[PDB]
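In case it helps, the authors' numbering puts the sequence shown at residues 11 to 169. Ideal placement from N, C-alpha and C gives every residue a C-beta, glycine not left out.
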Amino acid sequence: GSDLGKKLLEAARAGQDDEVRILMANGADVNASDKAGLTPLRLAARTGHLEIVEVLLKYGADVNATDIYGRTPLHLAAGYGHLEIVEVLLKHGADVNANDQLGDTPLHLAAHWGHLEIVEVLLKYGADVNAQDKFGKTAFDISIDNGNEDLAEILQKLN
Ligand SMILES: [Cl-]
Ligand SMILES: [Cl-]
Numbered sequence: 011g012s013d014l015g016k017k018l019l020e021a022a023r024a025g026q027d028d029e030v031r032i033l034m035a036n037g038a039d040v041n042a043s044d045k046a047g048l049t050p051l052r053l054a055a056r057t058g059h060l061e062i063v064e065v066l067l068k069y070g071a072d073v074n075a076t077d078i079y080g081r082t083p084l085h086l087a088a089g090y091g092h093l094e095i096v097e098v099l100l101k102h103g104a105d106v107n108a109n110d111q112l113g114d115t116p117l118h119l120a121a122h123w124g125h126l127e128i129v130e131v132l133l134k135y136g137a138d139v140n141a142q143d144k145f146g147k148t149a150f151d152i153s154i155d156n157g158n159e160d161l162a163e164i165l166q167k168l169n
């Protein structure tokens with residue numbers, strides 16, 4: 011909730027798997043929000059802690075919690091190259107086409123990271139490969155601009 015909530019946020023970003031399980035068992039608020047409004051699931055998603063993501067989702071974490079800038083746990087899992095977290099979030103209903111404040115979707119961020127398997131999963135779940143962000147960039151443009159030549163080559167075939 012509050013005291014347990016603070017500890018839960020810290021355990022999520024610290025990667026302390028069983029402290030998370032213990033805090034959840036003792037009634038911690040699964041959607042406790044830090045000063046920036048970020049939830050344990052968002053912190054575990056960006057840090058790549060798969061077991062913690064799975065435990066939080068089991069306790070009903072809001073898979074599409076969105077910050078004031080429009081970012082979601084799926085944005086951060088795709089943006090930091092965390093394939094199995096991307097897979098589990100999508101399996102639990104994460105919004106594949108969520109736009110942040112710049113109009114970027116998780117696919118745009120996965121393209122920037124150059125993660126082919128994350129790109130694949132996002133497309134399987136219905137990502138729009140032709141989506142443009144607010145500055146007019148597609149996933150293909152992003153991959154080209156970053157020098158992710160392999161990905162750009164493949165994405166060009168879906169243009
Ligand atoms: Cl973040
Ligand atoms: Cl490359």
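Looking at the structure shown, is residue i part of a helix, part of a strand, or coil, going by DSSP?
i      : result
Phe145 : coil
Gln166 : helix
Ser153 : helix
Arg81  : coil
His125 : coil
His102 : coil
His92  : coil
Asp110 : coil
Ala87  : helix
Is residue j closer than 8 angstroms to residue i when the C-beta atoms are compared?
i     : j     : result
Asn36 : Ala71 : no
What are the boundary residues of the alpha helix (DSSP H) that includes residue i?
i     : result
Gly15 : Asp13 to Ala24
Could you tell me whether any non-hydrogen atom of ligand 1 is closer than 7 angstroms to the CB of residue i?
i     : result
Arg23 : no
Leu48 : yes
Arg56 : yes
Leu18 : no
State yes or no: is the C-beta of residue i nearer than 7 angstroms to some heavy atom of ligand 2?
i      : result
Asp160 : yes
Q: Output the residue ranges of the alpha helix (DSSP H) runs that lie fully inside the segment 35-72 and measure 4 residues or longer, sorted by chain position.
A: 50-57 and 60-68
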